[PDB]
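J.: Okay, so here is my_file07.cif, and as you'll see once you scroll down, it has mmCIF, C-alpha atoms.
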data_data
#
loop_
_atom_site.label_atom_id
_atom_site.label_comp_id
_atom_site.auth_asym_id
_atom_site.auth_seq_id
_atom_site.Cartn_x
_atom_site.Cartn_y
_atom_site.Cartn_z
CA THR H 6 7.82 18.37 -42.46
CA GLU H 7 11.40 17.53 -43.45
CA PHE H 8 14.23 15.66 -41.78
CA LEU H 9 17.27 17.26 -40.21
CA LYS H 10 20.65 16.20 -41.55
CA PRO H 11 23.75 15.01 -39.68
CA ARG H 12 27.06 16.81 -39.70
CA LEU H 13 30.58 15.64 -38.85
CA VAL H 14 31.03 17.60 -35.65
CA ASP H 15 34.24 16.46 -34.01
CA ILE H 16 37.17 14.05 -34.35
CA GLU H 17 39.26 13.23 -31.28
CA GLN H 18 42.62 11.45 -31.65
CA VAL H 19 43.29 9.29 -28.60
CA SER H 20 46.35 7.62 -30.15
CA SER H 21 48.09 7.14 -33.46
CA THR H 22 45.97 3.99 -33.96
CA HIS H 23 42.68 4.76 -32.17
CA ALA H 24 40.18 7.58 -32.70
CA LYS H 25 36.60 8.76 -32.13
CA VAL H 26 34.18 10.57 -34.44
CA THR H 27 30.79 12.20 -33.86
CA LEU H 28 27.89 12.82 -36.24
CA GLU H 29 24.92 14.96 -35.22
CA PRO H 30 22.01 15.79 -35.33
CA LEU H 31 19.98 12.73 -36.29
CA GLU H 32 16.27 12.04 -36.35
CA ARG H 33 14.64 9.31 -34.30
CA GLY H 34 15.67 5.88 -35.51
CA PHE H 35 18.65 6.97 -37.61
CA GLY H 36 21.46 6.20 -35.20
CA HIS H 37 21.03 2.49 -35.84
CA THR H 38 20.21 2.67 -39.55
CA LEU H 39 23.45 4.55 -40.15
CA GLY H 40 25.52 2.93 -37.42
CA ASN H 41 25.16 -0.62 -38.65
CA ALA H 42 25.52 0.27 -42.33
CA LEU H 43 28.75 2.14 -41.68
CA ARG H 44 30.13 -0.60 -39.42
CA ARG H 45 29.45 -3.24 -42.07
CA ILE H 46 31.04 -1.10 -44.80
CA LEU H 47 34.14 -0.01 -42.87
CA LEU H 48 35.05 -3.58 -41.89
CA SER H 49 35.13 -5.18 -45.34
CA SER H 50 35.90 -2.60 -48.04
CA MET H 51 38.69 -0.26 -47.09
CA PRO H 52 41.83 -0.18 -49.29
CA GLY H 53 45.41 -0.49 -48.13
CA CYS H 54 48.91 -1.76 -48.80
CA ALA H 55 50.55 -5.12 -48.10
CA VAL H 56 53.70 -7.18 -48.74
CA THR H 57 53.24 -9.61 -51.63
CA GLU H 58 56.64 -11.20 -52.48
CA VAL H 59 60.14 -11.59 -51.05
CA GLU H 60 63.56 -12.50 -52.44
CA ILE H 61 66.50 -13.40 -50.22
CA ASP H 62 69.77 -14.31 -51.89
CA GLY H 63 71.09 -17.80 -51.31
CA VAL H 64 67.60 -19.07 -50.44
CA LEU H 65 65.61 -21.49 -52.58
CA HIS H 66 62.43 -22.22 -50.60
CA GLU H 67 60.86 -21.23 -47.30
CA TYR H 68 61.61 -24.51 -45.49
CA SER H 69 65.36 -23.81 -45.28
CA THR H 70 67.61 -22.17 -42.74
CA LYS H 71 70.28 -19.51 -43.12
CA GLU H 72 73.58 -19.59 -41.26
CA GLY H 73 73.94 -16.96 -38.56
CA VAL H 74 70.22 -16.10 -38.42
CA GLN H 75 68.29 -17.70 -35.57
CA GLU H 76 64.83 -17.75 -37.19
CA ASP H 77 63.63 -20.15 -39.81
CA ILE H 78 62.57 -18.52 -43.03
CA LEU H 79 58.87 -19.18 -42.39
CA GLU H 80 59.09 -17.09 -39.23
CA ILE H 81 60.71 -14.25 -41.16
CA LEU H 82 57.93 -14.34 -43.75
CA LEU H 83 55.33 -14.30 -40.97
CA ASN H 84 57.04 -11.31 -39.35
CA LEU H 85 57.06 -9.52 -42.70
CA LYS H 86 53.38 -9.99 -43.46
CA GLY H 87 52.60 -7.91 -40.36
CA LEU H 88 54.36 -4.79 -41.64
CA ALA H 89 52.32 -1.58 -41.91
CA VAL H 90 53.48 0.74 -44.69
CA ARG H 91 51.93 3.71 -46.51
CA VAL H 92 52.57 4.55 -50.17
CA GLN H 93 51.92 8.02 -51.56
CA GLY H 94 51.77 8.01 -55.34
CA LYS H 95 51.99 4.53 -56.87
CA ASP H 96 50.17 1.21 -56.76
CA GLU H 97 53.40 -0.82 -56.42
CA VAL H 98 56.86 -0.38 -54.92
CA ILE H 99 60.00 -2.42 -54.20
CA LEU H 100 62.08 -1.89 -51.05
CA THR H 101 65.50 -3.23 -50.07
CA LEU H 102 67.12 -4.27 -46.81
CA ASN H 103 70.83 -4.84 -46.15
CA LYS H 104 72.19 -5.47 -42.67
CA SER H 105 75.38 -6.83 -41.11
CA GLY H 106 76.63 -7.38 -37.56
CA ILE H 107 75.14 -8.75 -34.35
CA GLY H 108 71.71 -7.71 -33.14
CA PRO H 109 68.07 -7.40 -34.18
CA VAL H 110 66.98 -6.43 -37.68
CA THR H 111 63.97 -4.10 -37.50
CA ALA H 112 61.94 -2.00 -39.93
CA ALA H 113 64.08 1.10 -39.34
CA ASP H 114 66.77 -0.57 -41.47
CA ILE H 115 64.82 -0.66 -44.74
CA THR H 116 66.37 1.82 -47.15
CA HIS H 117 64.81 5.26 -47.29
CA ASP H 118 62.45 6.09 -50.14
CA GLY H 119 60.88 9.36 -51.20
CA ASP H 120 57.16 8.60 -51.15
CA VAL H 121 56.94 5.52 -48.90
CA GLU H 122 56.78 5.66 -45.12
CA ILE H 123 56.69 3.18 -42.25
CA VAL H 124 54.41 3.96 -39.34
CA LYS H 125 56.07 1.57 -36.85
CA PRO H 126 59.87 1.74 -37.12
CA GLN H 127 60.56 -0.80 -34.34
CA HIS H 128 58.78 -3.81 -35.85
CA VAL H 129 61.21 -6.73 -35.49
CA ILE H 130 62.05 -8.73 -38.61
CA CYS H 131 64.86 -11.09 -37.54
CA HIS H 132 67.99 -11.54 -35.41
CA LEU H 133 71.68 -11.89 -36.28
CA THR H 134 73.73 -13.98 -33.84
CA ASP H 135 77.05 -14.10 -35.73
CA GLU H 136 79.59 -11.35 -36.30
CA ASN H 137 80.33 -12.38 -39.90
CA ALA H 138 76.63 -12.70 -40.74
CA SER H 139 74.69 -10.50 -43.13
CA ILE H 140 71.26 -10.40 -44.71
CA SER H 141 70.02 -8.77 -47.90
CA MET H 142 66.51 -8.94 -49.33
CA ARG H 143 64.16 -7.05 -51.63
CA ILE H 144 60.49 -6.76 -50.73
CA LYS H 145 57.53 -6.04 -53.01
CA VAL H 146 54.59 -3.98 -51.67
CA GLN H 147 51.23 -3.45 -53.39
CA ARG H 148 47.80 -1.84 -52.97
CA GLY H 149 44.37 -3.45 -52.91
CA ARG H 150 41.36 -4.39 -50.82
CA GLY H 151 40.18 -7.61 -49.23
CA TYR H 152 42.08 -10.79 -48.43
CA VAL H 153 43.93 -12.62 -51.21
CA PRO H 154 45.77 -15.84 -50.32
CA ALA H 155 48.87 -16.76 -52.28
CA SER H 156 47.31 -19.97 -53.61
CA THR H 157 44.82 -17.85 -55.58
CA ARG H 158 47.02 -15.36 -57.42
CA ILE H 159 49.64 -18.00 -58.23
CA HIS H 160 46.76 -19.10 -60.48
CA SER H 161 46.21 -15.55 -61.78
CA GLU H 162 49.25 -15.55 -64.08
CA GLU H 163 50.89 -18.77 -65.18
CA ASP H 164 54.22 -17.88 -66.81
CA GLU H 165 57.54 -18.88 -65.29
CA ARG H 166 58.85 -17.06 -62.25
CA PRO H 167 62.40 -17.78 -61.09
CA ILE H 168 63.17 -20.24 -58.32
CA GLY H 169 63.62 -18.14 -55.18
CA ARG H 170 60.68 -15.68 -55.23
CA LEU H 171 58.59 -16.51 -52.18
CA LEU H 172 54.89 -15.63 -52.13
CA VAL H 173 53.19 -14.16 -49.05
CA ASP H 174 49.47 -13.89 -48.30
CA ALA H 175 47.99 -10.41 -48.50
CA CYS H 176 45.63 -8.96 -45.90
CA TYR H 177 44.98 -5.49 -47.28
CA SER H 178 42.35 -4.07 -44.93
CA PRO H 179 43.67 -1.45 -42.46
CA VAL H 180 40.67 -1.35 -40.07
CA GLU H 181 40.60 -3.86 -37.23
CA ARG H 182 37.96 -2.70 -34.71
CA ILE H 183 34.73 -0.67 -34.98
CA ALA H 184 32.24 0.17 -32.22
CA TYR H 185 29.44 2.72 -32.01
CA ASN H 186 26.96 4.46 -29.70
CA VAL H 187 23.75 6.47 -29.98
CA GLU H 188 23.35 9.17 -27.33
CA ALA H 189 20.83 11.94 -26.71
CA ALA H 190 21.82 15.07 -28.62
CA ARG H 191 21.57 18.54 -27.11
CA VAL H 192 19.80 21.02 -29.37
CA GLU H 193 17.97 23.85 -27.69
CA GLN H 194 14.60 23.64 -29.47
CA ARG H 195 13.84 19.90 -29.61
CA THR H 196 14.65 16.89 -27.43
CA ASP H 197 13.94 14.10 -29.94
CA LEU H 198 17.34 14.26 -31.67
CA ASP H 199 20.38 12.04 -31.09
CA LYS H 200 24.10 11.93 -31.86
CA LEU H 201 26.14 8.98 -33.15
CA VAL H 202 29.67 8.24 -31.88
CA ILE H 203 32.01 5.84 -33.70
CA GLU H 204 35.19 4.37 -32.19
CA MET H 205 37.87 3.19 -34.60
CA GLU H 206 41.02 1.12 -34.17
CA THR H 207 43.43 0.83 -37.14
CA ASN H 208 47.06 -0.05 -37.92
CA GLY H 209 47.98 3.44 -39.03
CA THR H 210 47.94 3.78 -42.81
CA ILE H 211 44.52 5.48 -42.95
CA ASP H 212 42.79 8.65 -41.71
CA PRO H 213 39.48 8.34 -39.84
CA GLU H 214 37.70 11.17 -41.65
CA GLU H 215 38.78 9.93 -45.08
CA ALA H 216 37.65 6.43 -44.07
CA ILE H 217 34.17 7.71 -43.18
CA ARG H 218 33.99 9.64 -46.46
CA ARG H 219 34.82 6.49 -48.43
CA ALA H 220 32.21 4.46 -46.54
CA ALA H 221 29.46 7.03 -47.10
CA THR H 222 30.43 7.33 -50.76
CA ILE H 223 30.21 3.57 -51.34
CA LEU H 224 26.78 3.46 -49.68
CA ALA H 225 25.41 6.42 -51.64
CA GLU H 226 26.60 4.95 -54.93
CA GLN H 227 25.04 1.58 -54.10
CA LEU H 228 21.63 3.17 -53.45
CA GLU H 229 21.37 4.57 -57.00
CA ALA H 230 19.89 1.29 -58.26
CA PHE H 231 16.82 2.11 -56.14
CA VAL H 232 16.68 5.92 -56.24
CA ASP H 233 16.13 5.58 -59.99
CA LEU H 234 14.31 2.34 -60.69
CA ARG H 235 14.16 0.32 -63.92
CA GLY N 1045 67.95 -56.60 -60.39
CA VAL N 1046 67.72 -52.90 -59.52
CA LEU N 1047 70.32 -50.46 -60.84
CA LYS N 1048 69.46 -47.23 -58.99
CA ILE N 1049 66.77 -45.46 -56.97
CA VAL N 1050 65.71 -41.79 -56.80
CA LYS N 1051 63.57 -40.36 -53.98
CA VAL N 1052 61.81 -36.97 -53.92
CA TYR N 1053 60.26 -35.16 -50.92
CA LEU N 1054 57.37 -32.74 -51.38
CA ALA N 1055 56.00 -30.30 -48.84
CA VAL N 1056 52.37 -29.12 -48.78
CA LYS N 1057 50.46 -26.56 -46.71
CA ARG N 1058 46.87 -27.24 -45.68
CA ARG N 1059 44.51 -24.51 -44.51
CA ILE N 1060 41.31 -25.30 -42.63
CA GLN N 1061 38.08 -25.62 -44.61
CA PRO N 1062 34.51 -26.96 -44.44
CA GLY N 1063 34.65 -30.69 -43.78
CA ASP N 1064 37.57 -30.75 -41.34
CA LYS N 1065 37.08 -32.40 -37.96
CA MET N 1066 37.61 -30.52 -34.71
CA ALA N 1067 37.38 -31.46 -31.06
CA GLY N 1068 38.08 -30.53 -27.46
CA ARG N 1069 39.40 -32.43 -24.48
CA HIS N 1070 35.94 -33.34 -23.10
CA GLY N 1071 34.56 -35.62 -25.79
CA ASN N 1072 32.93 -32.87 -27.85
CA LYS N 1073 33.65 -33.30 -31.55
CA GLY N 1074 32.26 -32.05 -34.82
CA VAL N 1075 32.71 -31.01 -38.41
CA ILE N 1076 33.16 -27.44 -39.64
CA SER N 1077 30.19 -26.34 -41.76
CA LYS N 1078 30.87 -22.76 -42.82
CA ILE N 1079 33.50 -20.02 -42.89
CA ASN N 1080 31.63 -16.80 -42.61
CA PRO N 1081 32.70 -13.14 -42.89
CA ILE N 1082 34.06 -11.19 -39.96
CA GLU N 1083 31.16 -8.72 -39.91
CA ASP N 1084 28.44 -11.40 -39.73
CA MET N 1085 29.61 -12.63 -36.39
CA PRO N 1086 28.00 -11.84 -33.03
CA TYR N 1087 29.87 -9.09 -31.23
CA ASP N 1088 29.87 -7.63 -27.75
CA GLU N 1089 29.22 -4.04 -26.69
CA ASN N 1090 32.89 -3.18 -27.28
CA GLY N 1091 33.09 -4.23 -30.92
CA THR N 1092 34.97 -7.49 -30.42
CA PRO N 1093 33.56 -10.39 -32.47
CA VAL N 1094 33.66 -14.05 -31.52
#
Write the structure described by the file as structure tokens, please.
T.:
Amino acid sequence: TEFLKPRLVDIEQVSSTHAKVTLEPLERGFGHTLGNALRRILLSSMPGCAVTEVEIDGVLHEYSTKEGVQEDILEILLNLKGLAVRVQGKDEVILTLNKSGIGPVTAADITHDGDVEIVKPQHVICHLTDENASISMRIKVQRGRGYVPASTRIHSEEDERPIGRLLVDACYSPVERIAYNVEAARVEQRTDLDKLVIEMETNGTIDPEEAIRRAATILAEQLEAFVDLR
Amino acid sequence: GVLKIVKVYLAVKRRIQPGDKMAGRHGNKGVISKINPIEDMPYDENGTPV
């Protein structure tokens, strides 16, 4: 007597941000043992990219205003920390934005780069209400996992940084909703096997299959303290 | 007797933490005891935590 093993049958893409996966066949009592482990892993440990610093020229702190721009600078920083970006080959990158005229300033105005891409090009950053107004900034983007608030890494390194570099809090995790189901599988010999369906909602910036592979890999590497004891 | 005066204004941000007092409009009041991870929270059949 030996157990059957699950296989990654199908992946359906309902949207660019929402998807469904299916693993089958499973023995009795293995839809929950795997479902809850994978939901707890996928929600805390996936890696991604986030905005970590900004510089605007002619700006000294974040409690100021700028002439011709109808948002305070705190609102611009809050609009920037919700920007979803994917980086191909590095662990750090610096982007630039220059805009002039009247109208909204959106993420389609950041300068093009070879190996960086923006999944939502209509994210709104600020507004310009004057004809002789212009904005120019340079934005630093990094890679990591977890949630690191700016009051914790300002204690990481202590040397002098120039007046005018504004720190932003980093939420790195790209997964925002996970649900799952255990249904009765259809295999022609037995009727005591089930399938497991996982529903995933993300911000772009990650692939569902690769996410499941990372979760399973983390779990398998954590079990090695037991599979070989002492 | 005084020759001059200098005044400085600081600004501080305060995030919520265990020990802070919270209340509603009906007389219900209490202290926060714990900040706990997103995946320890009760959730409904659709995946949405509380």
J.: Show me, as a VMD selection string, every residue of chain H with an atom at most 10 Å from chain N, counting only C-alpha atoms.
T.: chain H and resid 44 to 49 68 181 to 186 204 to 205
J.: Just to confirm, what's the straight-line distance from CA of residue 219 in chain H to CA of residue 50 in chain H in Å (one decimal)?
T.: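 Spanning CA of residue 219 in chain H to CA of residue 50 in chain H is a straight-line distance of 9.2 Å.
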J.: In Å to one decimal, how far is CA of residue 216 in chain H from CA of residue 54 in chain H?
T.: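 A separation of 14.7 Å between them.
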J.: Quick check, in Å to one decimal: how far apart do CA of residue 151 in chain H and CA of residue 129 in chain H lie?
T.: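 For CA of residue 151 in chain H relative to CA of residue 129 in chain H, the distance reads 25.1 Å.
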J.: Please evaluate the PyMOL selection byres ((chain H and resi 179) around 9) against the structure above and give the resulting residues as a PyMOL selection string.
T.: chain H and resi 48+51-54+89+176-178+180-181+207-211
J.: Near range 1062-1070 of chain N, counting only C-alpha atoms, which residues have an atom at most 12 Å away, once you skip same-chain residues fewer than 5 positions from it, shown as a list in words?
T.: residues 1075, 1076, 1077, 1078, 1079 and 1080 of chain N
J.: Pick from H:234, H:203, H:224, H:217: nearest to residue 23 in chain H, with all atoms listed in the file counted?
T.: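 Smallest separation from residue 23 in chain H among the options: H:203.
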J.: Using all atoms of range 1046-1057 of chain N listed in the file and a margin of 5 Å per side, can you give the axis-aligned box centre and edge lengths in Å to one decimal, as lines of an AutoDock Vina configuration file?
T.:
center_x = 60.4
center_y = -39.7
center_z = -53.8
size_x = 29.9
size_y = 36.3
size_z = 24.1
J.: Give me the residues within 9 Å of residue 145 in chain H as an MDAnalysis selection string, counting all atoms listed in the file and dropping any in the same chain fewer than 4 places off.
T.: chainID H and resid 55:60 97:101
J.: Taking the file as I've supplied it (selection: the PyMOL selection byres ((chain H and resi 199) around 10)), which residues are included? Please answer as a PyMOL selection string.
T.: chain H and resi 11+28-36+187-192+196-198+200-201
J.: Take the residues that were just selected and, keeping C-alpha atoms, output them as a compact mmCIF listing (two decimals), keeping the file's coordinate frame.
T.:
# COMPACT_ATOMS: atom_id res chain seq x y z
CA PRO H 11 23.75 15.01 -39.68
CA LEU H 28 27.89 12.82 -36.24
CA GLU H 29 24.92 14.96 -35.22
CA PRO H 30 22.01 15.79 -35.33
CA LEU H 31 19.98 12.73 -36.29
CA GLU H 32 16.27 12.04 -36.35
CA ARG H 33 14.64 9.31 -34.30
CA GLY H 34 15.67 5.88 -35.51
CA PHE H 35 18.65 6.97 -37.61
CA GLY H 36 21.46 6.20 -35.20
CA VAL H 187 23.75 6.47 -29.98
CA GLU H 188 23.35 9.17 -27.33
CA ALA H 189 20.83 11.94 -26.71
CA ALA H 190 21.82 15.07 -28.62
CA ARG H 191 21.57 18.54 -27.11
CA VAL H 192 19.80 21.02 -29.37
CA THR H 196 14.65 16.89 -27.43
CA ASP H 197 13.94 14.10 -29.94
CA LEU H 198 17.34 14.26 -31.67
CA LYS H 200 24.10 11.93 -31.86
CA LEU H 201 26.14 8.98 -33.15
J.: Starting from the point (55.8, 5.3, -45.0), work out which residues of protein, DNA or RNA have an atom no more than 7 Å away when counting all atoms listed in the file; state them as a list in words.
T.: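 Every residue inside that radius is included here: residues 90, 91, 92, 121, 122, 123 and 124 of chain H.
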